[PDB]
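Student: Pasting a structure here, questions to come.
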Amino acid sequence: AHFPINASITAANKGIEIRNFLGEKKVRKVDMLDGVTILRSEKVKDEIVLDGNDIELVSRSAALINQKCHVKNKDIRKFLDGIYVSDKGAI
Amino acid sequence: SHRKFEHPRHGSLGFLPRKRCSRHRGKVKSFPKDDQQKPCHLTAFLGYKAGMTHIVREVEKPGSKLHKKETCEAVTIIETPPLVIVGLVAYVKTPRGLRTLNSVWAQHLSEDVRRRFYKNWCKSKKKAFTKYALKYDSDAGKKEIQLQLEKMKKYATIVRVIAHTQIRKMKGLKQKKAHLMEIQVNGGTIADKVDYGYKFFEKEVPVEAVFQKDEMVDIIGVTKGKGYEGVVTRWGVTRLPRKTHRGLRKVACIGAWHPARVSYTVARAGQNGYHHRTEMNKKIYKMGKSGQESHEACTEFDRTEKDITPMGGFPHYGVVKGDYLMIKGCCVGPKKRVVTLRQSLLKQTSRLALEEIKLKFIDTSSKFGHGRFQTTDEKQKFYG
Amino acid sequence: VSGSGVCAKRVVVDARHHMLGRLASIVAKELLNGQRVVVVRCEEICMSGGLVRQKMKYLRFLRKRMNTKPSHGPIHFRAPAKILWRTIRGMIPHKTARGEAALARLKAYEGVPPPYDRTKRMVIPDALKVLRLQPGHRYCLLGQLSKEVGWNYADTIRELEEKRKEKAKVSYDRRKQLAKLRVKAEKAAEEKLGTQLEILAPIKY
Amino acid sequence: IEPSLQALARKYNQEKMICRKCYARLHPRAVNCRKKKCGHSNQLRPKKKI
RNA sequence: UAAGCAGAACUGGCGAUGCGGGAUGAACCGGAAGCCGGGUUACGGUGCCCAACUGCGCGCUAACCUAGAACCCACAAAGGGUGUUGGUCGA
RNA sequence: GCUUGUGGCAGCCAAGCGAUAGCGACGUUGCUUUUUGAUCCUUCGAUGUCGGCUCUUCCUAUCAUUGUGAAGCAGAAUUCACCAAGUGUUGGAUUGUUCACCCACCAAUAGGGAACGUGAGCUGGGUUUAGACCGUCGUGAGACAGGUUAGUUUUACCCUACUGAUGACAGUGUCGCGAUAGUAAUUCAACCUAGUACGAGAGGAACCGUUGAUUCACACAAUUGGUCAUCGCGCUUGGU
RNA sequence: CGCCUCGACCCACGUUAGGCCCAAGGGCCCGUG
Ligand SMILES: [K+]
Ligand SMILES: [K+]
Ligand SMILES: [K+]
Ligand SMILES: [K+]
Ligand SMILES: [K+]
Ligand SMILES: [K+]
Ligand SMILES: [K+]
Ligand SMILES: [K+]
Ligand SMILES: [K+]
Ligand SMILES: [Mg+2]
Ligand SMILES: [Mg+2]
Ligand SMILES: [Mg+2]
Ligand SMILES: [Mg+2]
Ligand SMILES: [Mg+2]
Ligand SMILES: [Mg+2]
Ligand SMILES: [Mg+2]
Ligand SMILES: [Mg+2]
Ligand SMILES: [Mg+2]
Ligand SMILES: [Mg+2]
Ligand SMILES: [Mg+2]
Ligand SMILES: [Mg+2]
Ligand SMILES: [Mg+2]
Ligand SMILES: [Mg+2]
Ligand SMILES: [Mg+2]
Ligand SMILES: [Mg+2]
Ligand SMILES: [Mg+2]
Ligand SMILES: [Mg+2]
Ligand SMILES: [Mg+2]
Ligand SMILES: [Mg+2]
Ligand SMILES: [Mg+2]
Ligand SMILES: [Mg+2]
Ligand SMILES: [Mg+2]
Ligand SMILES: [Mg+2]
Ligand SMILES: [Mg+2]
Ligand SMILES: [Mg+2]
Ligand SMILES: [Mg+2]
Ligand SMILES: [Mg+2]
Ligand SMILES: [Mg+2]
Ligand SMILES: [Mg+2]
Ligand SMILES: [Zn+2]
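Protein chains in written order, with the working numbering: chain G, 322 to 412; chain C, 54 to 437; chain H, 6 to 210; chain D, -1 to 48.
Right, here's the structure in full:
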C-alpha cells in the first residue's frame, strides 16, 4: 500500500533480497532451492518469476518467499501487503 | 501449602557438588573445533597469576556515554614465559570416544619437568626416561621413533603436543617442579599437525604464537580455598532473626515431611572454595614481551620509564621479568596460582570482542599500602 | 519359548532388522538357559511404531528420576547397545544370582567390532521385521531413536561400518573366484572317479 | 493497492473459513475442520470481512 | 445427594482357614486339609520375567492423548468426527 | 481415607442480547478435592492443634514474559482461544491472623499442593490451665463458644537421608578418555526507526541496529568502603 | 607412556510389491584307531 517492496536478486538466479517490507529495517533473505531460478520480471510492474524442473522444489521456493513476508501484530484484512503467487503453470 | 511469597533459589545447581577439585592445575575440558583450512597452531597456554592493577584508557564506542572519554579498569597480570614442547600424543576415534593412540617424547627432558614424575625427587635415582633416551642414539631406536610418527600421520584424528612450563624462571614461586599439559594443534592436516609438533621438540613456544592483543580468551583454574563454611556464606541464604534459639546462621526448613528425605537441592554446610572454574570472554589488553618496549608500563601518553611490577614487588608474588599478559578484570584463584589460558570456543563477532584497546596510563604504585609514587626514583626525589 | 538347544560356545546374532522386544525375548531365554549370546549391529534394531511414538516413550522414561537424588534414580542410557541391554534386563530375574549370571553372558555392540566381523552372524526368524510387520506400518531404527535423545557416536559407527563393508566386499570377490575354481575342480574330479560315485547320484540335490 | 492486486491478497488473507471450536483458518470450500483437538468439527463460519 | 455411611429379609462366607488363581489384598473365582509316590483336573493361563504354543483360523483397530489389554476392581458422561468398517431405508 | 450435597472449575442445546465476535435464559452432562458439611475406618500406655518467618521442590484450572489463531482487530489498546509450568510474581499502613482492605512500584503483581509442607528450625502475637477485671446469666458455687490484662516452648552423641572429608579393591607414577548425573541465565528501558505505517482527526506502533539497566549465578580485591588485640604508631584518664 | 625392588568346522552387502531362490532343511571335514 505505502512502502514499496524492494527485491534484489543476489546470484544469477539463486537469491532474493527483500527490504522495506512495511517500511522495516530487517533484511529478508530467501535462497532458492536446488535447481530453481528467480528473476525480477520485465513487462510486468512488480512480478518475480521462479523457474525449474521439479514442481515441488519450485513451489516450495515460492512458499518460502511468501511466508517470510507475513504481517505481524496487525489486522491483515487491512494490511494486505505481501508477496503472493499469482500464476502457477508449466510454461 | 504453597509458599507465601516467591523469590529465586540461592545458588546454582549447575556447579554441584561444591567439593574440593581433584586437580590443582586447571584442565581444558574441551578444545576449540579444528578447522583444517587454517595453519597449524596451539590452542592453549599455561601461566601464573602475578597480581592486579588498574589502567586508564580512552574509550572509542559510538552510542555510549563513555565515548571519547577515559575510563579506569582493573587488570590482572599473568606471567607467561614460553613453554617447552617435549612430546606428541595422538588420538583415534572409537565408538566409546577418543582414545590415545601413541605418544613420542623428545630426547632431552629438563629436570624441572622430570620432577613431575616423582613424589620424592631427591630420594630417587632419577631414572625416568633414562632408557627411553637411548632410542635416539642407536639406529633401530630411531626407526621406532619414525615408525611411531608415521603411525600418527596415518591413524590419528586428533594430535596434541605435550608441553611444560619453565617454572624456575619465576623464583618467587619457590617451586622446581614444572607443570605439564597437553595442548591440541588446530590447523592443517594430520600430517601437518605431526610435522608441526615434531619440529618443536625441546624448543620454546612464546605466548605470542598462541594469543594476540585484543583477543577474548577463556581462563581455567581452581578458585581460592576457604574450608568448611556455613550456609549463609557458602550459599548466600538470609540470616534468621536475632531472637533465634540455637543460632541464626542456618536454613530454617530443610524440607517438607514428604518426601521423607533431605533433597540434593537444599543448601547445606561444607567445603567452600577451591573449585574448578572455566571463565570466558576475558580481553587481552597488552602483551609484554621480554626484551622489548612493550614490556614496560609506559604508554604513548605516559613516557615515564617504569616496569610492570608495582613499587615493592607484586604482593606475595615477586617481580615479573618474563613475558606476561594484561587481561581486563579479575581472574580465578590466588596469587602464584597456575592458570590455563584457552582460545575461545565461539566466534567473537561483537563490538567488545572487536574493540581496539589503547592504554593511556598504567598504575605502578605499591599495592602493599596507600601508595602514592609511581617509581622508587620519584619517591627518593620527593624526600630529598 | 524354550532355548535353542544348539549348545555352542557362543552364538553371534546380527541384530539388523529385528523387532526389539521380540529379539530381547528370545535372547533372554537363551541367556537364562546357559547360552552365551553376542548381539552386533544393535543400531539397526527396529521398533514398531515410528520415530514419534518411540521418541516420546523415551522422553516419558527420561522424566523418571529420584526427586531427592537423581544419581540414585533410573539411569537412562542413550546408546543402542545399552538400550538393548536394558530391554533384555527387564525380561530377566536380574536381582537373583541366576539372573545376574544370565545377564553376564550377553554382549551387545553397535556395528560389528572384531573378531565378529570375521565370524558367522545368525538371524532369528521370529524376530525379523520382514516376517513380523505389515509392509505399510510405521517403525524406526534404534540408532535413529538414540541419535534423537543424546547418542553422539552415530557418525563414528557409520564411518567404521563403511570401512568394514569395503573389506567384506573384497573378501566376497575373492571367495567367488575360489568358488568358480572349486566347481571346475569337482567337474574334472567327477569323471576321473566317475565309477566310484554312483551311490551319490540319487542324493545330489 | 490496485483493485486487481487487492483481490490477489484477499485470496490468502480474507477468503477463508473459521472453525467455531478451535479457530482454525480453513480453505473456503471446507466442510470439516483439519484439527484433531476439535474432533474435525463441521461447525464452521466464514471469516469476517472488513 | 452420596459414602469403604446408617438400618432390616433369605442364604452363603470371613471371623475360626490353610491351599491354587485374581501382580498385591479377611470376604472375589476354584477348592477346603493326616505323612507320601504316581496319574489327572478346577479357576486361571501358554513372548520374557513364569511352568505351558511366538500353535492353527477369520476379521477389526493405527491412537502426531502414555492406543489397548483379566468378575469383584481399582472410574468416566451428555454430546461430537468427511477416521475406518459393516448394515437399513430412500432419491 | 470414602462421599461431593455445598464450594470451585468445565461442557451440551439454543430462546434471546449484540443465536453462536463476545455472551447466553429455561433445561441438561460432568470434573476436582486449597471450602464446608456428612461419616467415625486409623490413632487416647499422646502422630506437639493457629498464624507468620525461613527453605526446597511440585502442579496447571496461564497473571506476565516467548510463538500463534479470532474479533463487532484501521492504529494504539482490549477481549476470546491455542502450544506452552522455561523464567518471574515485589516494598509497605491496620489487623495474631488465614481471609481482607488501602498506598506504591512493576512486564505482572495468577491460583494452588507437599501430614490444611515446615515448633528436637525459630517465634509465641492468637487458641487453651492455674491470678485478675467487666458485661450478661445463675440464690449460690460458678458459666460464657463475649471482651480484657499477666502467664517456664525440654533432648540428638543412634539409624538412615543430605552436605562435605579420607579410603582398600595385585607395583608405582604422569598424561588422558568420558558412560552417567547435575545444569542457567532473565526481564525491562532509552535512542534510531518516527510523529512514520494507520487514521477525517484525536491519537499512534513495530522489526533490524546501538547503548544501558533489573533479577539471578560464578569469581575476584587494582581502587572506594567495612573490620583491629598488626596490641603498628600516636595521644590520653586513674593507679604504680 | 615412564620407571623395575567331545567335529565346540563355516566373514556378503542388501531386498522381501524382489534378488536359480521357495530357509544352514546347506556345505566342509577319513567322519573309520
Ligand atoms: K506454606
Ligand atoms: K560473593
Ligand atoms: K535476614
Ligand atoms: K463411525
Ligand atoms: K461437587
Ligand atoms: K489420642
Ligand atoms: K509479667
Ligand atoms: K549435558
Ligand atoms: K605401567
Ligand atoms: Mg493493534
Ligand atoms: Mg505461588
Ligand atoms: Mg569436555
Ligand atoms: Mg528464645
Ligand atoms: Mg593492598
Ligand atoms: Mg516357559
Ligand atoms: Mg544428560
Ligand atoms: Mg473374635
Ligand atoms: Mg482375627
Ligand atoms: Mg501328583
Ligand atoms: Mg501370533
Ligand atoms: Mg488387580
Ligand atoms: Mg458418541
Ligand atoms: Mg456445585
Ligand atoms: Mg442456567
Ligand atoms: Mg501410641
Ligand atoms: Mg513427629
Ligand atoms: Mg512423640
Ligand atoms: Mg494448558
Ligand atoms: Mg512456573
Ligand atoms: Mg490441603
Ligand atoms: Mg501443618
Ligand atoms: Mg518444639
Ligand atoms: Mg509453629
Ligand atoms: Mg519437625
Ligand atoms: Mg500468649
Ligand atoms: Mg486464665
Ligand atoms: Mg445476680
Ligand atoms: Mg493474656
Ligand atoms: Mg496519513
Ligand atoms: Zn477445528
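In this text, a Cβ means the ideal position worked out from N, Cα and C, and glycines have one as well.
Closer than 7 Å by C-beta to residue 429/C: which residues in its own chain qualify, once you throw out the five before and the five after it? Chain order, please.
Tutor: Closer than 7 Å at the Cβ level, and outside the excluded window around residue 429/C, lie 364.
Student: Alpha carbons only, please: which of 389/C, 141/C, 206/C, 412/C is nearest the one belonging to residue 354/C?
Tutor: That would be 412/C, whose Cα lies nearest to the Cα of residue 354/C.
Student: For residue 341/C, write down the residues that DSSP places opposite it in a beta bridge.
Tutor: DSSP lists 377/C as partners of residue 341/C.
Student: Please name the residue in 54/C, 75/C, 99/C, 172/C whose C-alpha comes closest to that of residue 394/C.
Tutor: Of the candidates 54/C, 75/C, 99/C, 172/C, the one whose C-alpha sits nearest the C-alpha of residue 394/C is 99/C.
Student: Are the Cβ atoms of residue 102/C and residue 336/C separated by less than 8 Å?
Tutor: No, Cβ-Cβ distance for residue 102/C and residue 336/C is not below 8 Å.
Student: Any beta carbon from chain H within less than 8 Å of residue 148/C's own beta carbon?
Tutor: Chain H contact via Cβ: present.
Student: Tell me whether residue 382/G, by its Cβ, gets closer than 7 Å to a heavy atom of ligand 40.
Tutor: No, the beta carbon of residue 382/G sits no closer than 7 Å to any heavy atom of ligand 40.
Student: Output yes if chain D places a C-beta closer than 8 Å to the C-beta of residue 383/G; else output no.
Tutor: Not closer than 8 Å to any Cβ of chain D, the Cβ of residue 383/G fails to qualify, so no.
Student: Cβ of residue 303/C within 7 Å of any heavy atom in ligand 13?
Tutor: No, the Cβ of residue 303/C stays beyond 7 Å of every heavy atom of ligand 13.
Student: How about the region 335 to 351 of chain C and the region 366 to 383 of chain C: do they share at least three Cβ pairs that are nearer than 8 Å?
Tutor: Verdict: yes, contact present.
Student: First and last residue of the beta strand (DSSP E) that includes residue 337/G?
Tutor: Segment 336 to 340, the beta strand (DSSP E) holding residue 337/G.
Student: Please confirm if the region 203 to 212 of chain C is in contact with the region 137 to 152 of chain C, defined as three or more CB-CB distances below 8 Å between the two stretches.
Tutor: Judged by Cβ distances under 8 Å, the region 203 to 212 of chain C makes contact with the region 137 to 152 of chain C, as three or more pairs qualify.
Student: DSSP three-state call for residue 69/H: helix, strand or coil?
Tutor: Coil.
Student: Using a 10 Å radius around the Cβ and a threshold of 16 neighbouring Cβ atoms, would you call residue 165/C buried or exposed?
Tutor: So residue 165/C ends up on the buried side.
Student: Looking only at its own chain, which residues have a Cβ that is under 7 Å from the Cβ of residue 158/C, when we skip the five neighbours before and after it?
Tutor: Excluding positions up to five away in sequence, the list reads 139, 140, 182, 185.
Student: Chain H beta carbons: is any one of them nearer than 8 Å to that of residue 316/C?
Tutor: Interface residue, yes.
Student: For ligand 14, which residues count as neighbours when the test is a C-beta closer than 7 Å to any heavy atom?
Tutor: Result (chain order): 368/C, 420/C, 421/C, 422/C.
Student: Look up residue 173/H in the DSSP assignment and say whether it is helix, strand or coil.
Tutor: Helix at residue 173/H.
Student: Can you give me the C-alpha to C-alpha distance between residue 111/H and residue 102/H, rounded to a whole angstrom?
Tutor: Computed Cα separation, rounded: 15 Å.
Student: What is the DSSP secondary structure of residue 47/H, reduced to helix, strand or coil?
Tutor: Of the three classes helix, strand and coil, the one that applies to residue 47/H here is helix, per DSSP.
Student: Determine, using beta carbons only, whether residue 339/G comes closer than 8 Å to chain D.
Tutor: So, not an interface residue.
Student: For residue 92/C, I'd like the list of residues in its chain whose CB is within less than 6 Å of its CB, leaving aside the five on either flank, ordered along the chain.
Tutor: Excluding residues within five positions, the ones whose Cβ falls inside 6 Å are 240.
Student: What does the alpha-carbon distance come out to for the pair residue 431/C and residue 360/C?
Tutor: Their Cα atoms are separated by approximately 14 Å.
Student: Could you please give me the residues that DSSP links to residue 415/C through a beta bridge?
Tutor: Answer is 108/C, bridged to residue 415/C.
Student: For residue 326/C, report the span of its beta strand (DSSP E) as first-last.
Tutor: Residue 326/C -> beta strand (DSSP E) spans 323 to 326.
Student: Which term fits residue 77/H, buried or exposed, when burial requires 16 or more other beta carbons within 10 angstroms of its beta carbon?
Tutor: Label assigned to residue 77/H: exposed.
Student: Any heavy atom of ligand 11 closer than 7 Å to the Cβ of residue 55/C?
Tutor: Checking the Cβ of residue 55/C against ligand 11 gives yes.
Student: Looking at residue 89/H: is its Cβ nearer than 8 Å to the Cβ of residue 44/H?
Tutor: Yes, the pair counts as a contact, with Cβ atoms nearer than the cut-off.
Student: Rounded to whole angstroms, what is the Cα-Cα separation between residue 20/D and residue 9/D?
Tutor: The alpha-carbon atoms of residue 20/D and residue 9/D are separated by roughly 22 Å.
Student: At a CB distance below 8 Å, what residues from the region 151 to 172 of chain H approach chain C? Give them in sequence order.
Tutor: Within the region 151 to 172 of chain H, the residues whose Cβ lies closer than 8 Å to some Cβ of chain C are 158, 161, 162, 164, 165, listed in chain order.
Student: Which residues of chain H have a Cβ atom closer than 7 Å to the Cβ of residue 312/C, listed in chain order?
Tutor: What residue 312/C touches in chain H: 72, 73.
Student: Using a Cβ-Cβ cut-off of 7 Å (strictly less than) and excluding sequence neighbours within five positions of residue 79/C, which residues of its own chain qualify?
Tutor: Result list for residue 79/C: 273, 274, 275, 329, 392, 393, in chain order.
Student: Could you compute how far the alpha carbon of residue 152/H sits from the alpha carbon of residue 334/G?
Tutor: If you take the alpha carbons of residue 152/H and residue 334/G, they lie about 36 Å apart.
Student: From residue 323/G to residue 30/D, what distance separates their C-alpha atoms?
Tutor: One C-alpha to the other measures close to 38 Å.
Student: Looking only at DSSP bridge pairs, what is residue 137/C linked to?
Tutor: Its beta-bridge partners are 217/C, 257/C.
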